[PDB]
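A quick write-up on the structure given underneath.
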There are 2 protein chains.
Amino acid sequence: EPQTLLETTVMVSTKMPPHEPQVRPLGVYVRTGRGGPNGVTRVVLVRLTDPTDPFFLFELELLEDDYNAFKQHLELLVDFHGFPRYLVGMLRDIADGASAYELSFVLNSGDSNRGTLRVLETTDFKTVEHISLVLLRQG
Amino acid sequence: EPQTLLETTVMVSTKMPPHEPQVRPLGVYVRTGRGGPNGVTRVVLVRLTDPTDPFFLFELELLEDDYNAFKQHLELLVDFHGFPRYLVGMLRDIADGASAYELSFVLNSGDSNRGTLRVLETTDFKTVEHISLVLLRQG
């Protein structure tokens, strides 16, 4: 049951500081499967791509083994099964044009090995970060 | 016009890591006035106290001079006049029992010279931080 829960396009404000950002469409992909040391750990894969650029490929791979730490650090209320569903609900609503939330992706440093994907909500008073995830480049 | 905008009591989850937290009533106090190098800079003072303990006194003093940096770093939409009003609205609603938000105050390190006051909202999916402020002990 290695299932794709989301494969879609979303607008993202991207930047490598100190450069100023651009807003552009990115592919986003969320899949559950198996991995880890003996091939049996449940994983959640979150991938971000640029259709117009192959070098742009960043991934977070989250193992159930590390979830408790991850959960505590982000103050998540959902369990490992719930986590990717929650994420997908948000991302799908943003893709549909049907959400109050925005996406930002900030690279470190081209020669960037990682970026931080943020889900943001702008209230009357400020922008509020709902979640941040670190995604690593490869391939 | 050095005016007190809020003087009240609020429940706060306090902790000095690695100790576990307690929830307890704290005095909170927000005042606008003047200060800075020549006595003319507008300031916002946010004070946290413990009625049952004099050594517990922490303050943030925010000068208009530094607001732009502070604004940008927290992604605030309000200006310097608006900022303390917004903060007070939140704190007063929490004091009244009439808010979806909570307060946390995490000390560094008794021998703590500072803590971070957080305004938190628990959604169905996680706890979301709306704002954090660093307050310094003195006196």
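Virtual Cβ from ideal backbone geometry, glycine too; neighbours counted across all protein chains shown. Derivation of every value follows stated rules applied to the coordinates shown; laboratory data play no part.
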Inset, instruction - Kindly indicate whether any position in the stretch A:83-99 is surrounded by 14 or more Cβ atoms within 10 Å (Cβ to Cβ), among the hydroxyl-bearing types (S, T, Y) and within 19 Å of A:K15 (Cα to Cα). - result: no
Inset, instruction - Look at the stretch A:108-119 and say how many of its residues are closer than 16 Å to A:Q22 by Cβ and either surrounded by fewer than 15 Cβ atoms within 10 Å (Cβ to Cβ) or more than 12 Å from the chain's Cα centre (by Cα) (or both). - result: 2
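Residue check: is B:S112 polar (S, T, N, Q), within 11 Å of chain A (Cβ to nearest Cβ), over 18 Å from B:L6 (Cα atoms) and touching a strand residue (DSSP E or B) at 6+ places or on another chain (Cβ under 7 Å)?
Working: polar (S, T, N, Q): yes; within 11 Å of chain A (Cβ to nearest Cβ): no; over 18 Å from B:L6 (Cα atoms): yes; touching a strand residue (DSSP E or B) at 6+ places or on another chain (Cβ under 7 Å): yes.
Taking the combined requirement at face value, the residue does not satisfy it.
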Inset, instruction - Taking A:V134 as the residue in question, decide whether it is crowded, with 17+ Cβ neighbours inside 10 Å, farther than 30 Å from B:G82 by Cα, away from chain B (no Cβ under 12 Å) and not aromatic (F, W, Y). - result: no
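For the stretch B:47-71, which positions are among the aromatic types (F, W, Y) and touching a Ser or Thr at 6+ places or on another chain (Cβ under 9 Å)? First the steps, then the outcome.
Quick first cut of the stretch B:47-71, residues among the aromatic types (F, W, Y) only: B:55-56, B:58, B:67, B:70.
Result: B:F56, B:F58.
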Legend entry - Any chance A:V78 is within 11 Å of another protein chain (Cβ to nearest Cβ), assigned to a loop (DSSP other than H, G, I, E, B) and either more than 27 Å from B:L77 (Cα to Cα) or among the hydrophobic types (A, V, I, L, M, F, W, C) (or both): yes
Legend entry - Breaking point among (1) among the aromatic types (F, W, Y); (2) within 20 Å of A:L6 (Cβ to Cβ); (3) more than 14 Å from chain B (Cβ to nearest Cβ), for A:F55: (2)
Inset, instruction - Identify, from the list B:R34, B:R47, B:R42, B:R85, the residue that is among the basic types (K, R), in a helix (DSSP H, G or I) and either touching a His at 6+ places or on another chain (Cβ under 6 Å) or on the phi < 0 side of the Ramachandran plot (or both). - result: B:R85
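From the list B:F125, B:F105, exactly one residue is more than 24 Å from B:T41 (Cα to Cα), of a type in the set (F, W, Y), surrounded by 15 or more Cβ atoms within 10 Å (Cβ to Cβ) and more than 14 Å from chain A (Cβ to nearest Cβ). Which is it? Reasoning before the result, please.
Numbers: B:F125 fails: more than 14 Å from chain A (Cβ to nearest Cβ).
Among B:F125, B:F105, only B:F105 is more than 24 Å from B:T41 (Cα to Cα), of a type in the set (F, W, Y), surrounded by 15 or more Cβ atoms within 10 Å (Cβ to Cβ) and more than 14 Å from chain A (Cβ to nearest Cβ).
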